[PDB]
Amino acid sequence: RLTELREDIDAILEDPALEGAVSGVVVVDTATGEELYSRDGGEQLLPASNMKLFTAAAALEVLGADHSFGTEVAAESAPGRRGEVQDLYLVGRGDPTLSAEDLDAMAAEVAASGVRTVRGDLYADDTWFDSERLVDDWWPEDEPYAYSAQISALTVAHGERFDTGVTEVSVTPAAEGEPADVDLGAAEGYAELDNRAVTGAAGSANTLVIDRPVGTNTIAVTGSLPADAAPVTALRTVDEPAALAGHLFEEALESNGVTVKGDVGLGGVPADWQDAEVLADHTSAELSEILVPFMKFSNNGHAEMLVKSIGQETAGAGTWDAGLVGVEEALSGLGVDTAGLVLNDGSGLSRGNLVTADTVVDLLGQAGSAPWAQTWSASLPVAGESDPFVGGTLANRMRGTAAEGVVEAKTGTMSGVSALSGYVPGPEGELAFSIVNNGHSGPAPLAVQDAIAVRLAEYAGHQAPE
Ligand SMILES: *[B-](O)(O)CNC(=O)c1ccccc1[N+](=O)[O-]
Ligand SMILES: [Mg+2]
Ligand SMILES: [Mg+2]
């Protein structure tokens, strides 16, 4: 039975789609410590988003399941009889789920607390982390897309998925031959518009490209949208998330009857402020709850912010250098051998990251007996579950198989890297597995990973739901 399983997995990895790839595959029974299957377990490979497994475990170790993040509005003293303040400060301490509604609810507080006029300027203070926005080796050409959003302690998160530091762009066709309408979302009046797009004839080809040219805060829209095409929406990052959060706050203020007479810009609460007047605050939900959208959908913003938040907890330094050491320390504290690990970011976006399949399984083991185990697995995608906040990146994989509803694992994909690691529970034991593929040339070997996951589900005594 053990050997049958082994031979099957051997054959599954015989797949042509893994030509010239190195593949780390490790499976361990977690009740007993038995090594059911091991191949290139010690080989160092890029992990893509499997890196979050590490990040998420450290954050729970360091910040705690119950941790929350705050944001405040501050003036040098409370407002007058006349309800006036000079400069106003929006100060973010790394909430990765600050919505536009929260900015609105905070603008109402500022009004309820008796401010009717900001006489001076409004500043957005994201100084709680440093201003290193992107990791060294992240690719400039990727900077327009949501997963590559700049990192700040003050960032507005869009939608129920909480994609930070982006804006929704929507392009509606008009009459054939007239320019397409471009709607910039939250970034209206913040990010610049270069609209070159046109409405093509009904039934013609869709060639619409939405971009943000490197080193600009301009949304450049080119190509042709068919007169009859459905409106197109795209998440595009903006330069300086905090300044957009600032921009949005001025609008929430004016909206809640508070007139801002100055400019909007970046700035930290001055040192020479004796006893700042906190005129509004927001508290995020707790880390346990935040893990869901972070891990289910592989949020890269959330990952880096958690790192910088760890840097803050361990060293009062909201920094990659500080946070990564923080992660490695936490993981050691956990019992994980971090020999094979090379940490270059929290998200896995970076090609400077290295894991081994043994280390991953190692982590999976330790996380299983940690007091925060449950909130940890709850965050992982569940195979073939169609409710996005349950299935996450595994929503449309392995449906109608023994793995459906059972396998909990994290995914990982970019050019020539794919990964799947997590658990198979069952009538046998709770299995921890890691599959990391590097160097394949075609599409990610998703079928190959599925096959393994499914056979492990069957080995743990599961059957495909019909
Ligand atoms: B992870 O999500 O497995 C690593 N992948 C990414 O960060 C990612 C996600 C979504 C789109 C692109 C992309 N890239 O790394 O290019
Ligand atoms: Mg605006
Ligand atoms: Mg089942």
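Please note: Cβ atoms are built from the backbone with ideal geometry, for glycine as well, and neighbour counts cover all protein chains shown. A short reminder: the numbers here are calculations on the coordinates, not readings from a lab.
Each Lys or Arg adds one and each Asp or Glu subtracts one; over the other residues with Cβ under 11 Å from the Cβ of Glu430, this totals -3. Here the chain is assigned +1 on the Cβ of each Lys and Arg and -1 on the Cβ of each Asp and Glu. Its dipole about the Cα centre then comes out at about 300 debye. If you take the charge dipole of the chain about its Cα centre, with +1 on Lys and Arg Cβ and -1 on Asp and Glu Cβ, which of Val264, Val436, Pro173 is farthest toward its positive end? It is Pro173. Of the peptides 375-382, 111-118, 226-233, 31-38, the ranking by mean beta-carbon count within 10 Å, highest at the top, reads 375-382, 111-118, 226-233, 31-38.
By the beta-carbon count within 10 Å of each Cβ, the least crowded to most crowded order of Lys261, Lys410, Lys296, fewest first, is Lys261, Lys296, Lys410.
Would you kindly give the portion of the calculated P(r) for the range 130-240 that falls above 22 Å, as a percent of all Cα pairs? Don't jump to the answer; show the numbers that get you there.
Details: 2127 of 6105 pairs.
Tail fraction, whole percent: 35.
With the highest mean first, a sort of the peptides 330-339, 198-207 on other beta-carbon atoms found within 10 angstrom per residue produces 330-339, 198-207.
Among all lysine pairs in the chain that are eight or more places apart or on different chains, how many have alpha carbons less than 30 angstrom apart?
6
In debye, nearest 20, what is the charge dipole magnitude of the range 130-240 about its Cα centre with +1 on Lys and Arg Cβ and -1 on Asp and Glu Cβ, if you could check? Each step should come with its number before you reach the end.
Values: 5 positive and 21 negative charges, 53 e Å.
Result for the range 130-240 is approximately 260 debye, rounded to the nearest 20.
In the chain, the DSSP-assigned H stretches of four residues or longer account for a calculated mean residue ellipticity at 222 nm of -8500 deg cm²/dmol, using -39500 (n - 2.57) per stretch and the full residue count as denominator.
Using the Cα centre of the range 197-291 as the reference point, and only Cβ charges (+1 on K/R, -1 on D/E), how large is the resulting charge dipole? Debye, rounded to the nearest 20.
Around 640 debye, computed over the range 197-291.
Name the shape class, rounded, prolate or oblate, that the alpha-carbon gyration tensor gives for the range 397-466, where a ≥ b ≥ c are the square roots of its eigenvalues, rounded holds for a/c under 1.5, and otherwise prolate holds if a/b is larger than b/c and oblate otherwise. Verdict is prolate for the range 397-466.
Relative contact order for the range 207-324: what is it in percent, counting Cα pairs under 8 Å that are at least 6 residues apart?
11 percent
Put the Cα centre of the range 357-382 next to the Cα centre of the range 79-119 and the gap is 40 Å. A simple spin-label model places pseudo-atoms 7 Å from Cα toward Cβ; at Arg6 and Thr222 they are separated by 5.6 nm.
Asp337 sits among other residues whose Cβ lies under 9 Å from its own Cβ, and their net charge, with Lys and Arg +1 and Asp and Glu -1, is -2.
At a 10 Å Cβ-Cβ cut-off, how would you order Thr314, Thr259, fewest neighbours first? Before the final figure, lay out each step's value.
Working: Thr314 17, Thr259 12.
Taking fewest neighbouring Cβ atoms as first place, the list is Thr259, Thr314.
The orientation-averaged projected area of the convex hull spanned by the Cα atoms of the chain comes to 24.6 nm².
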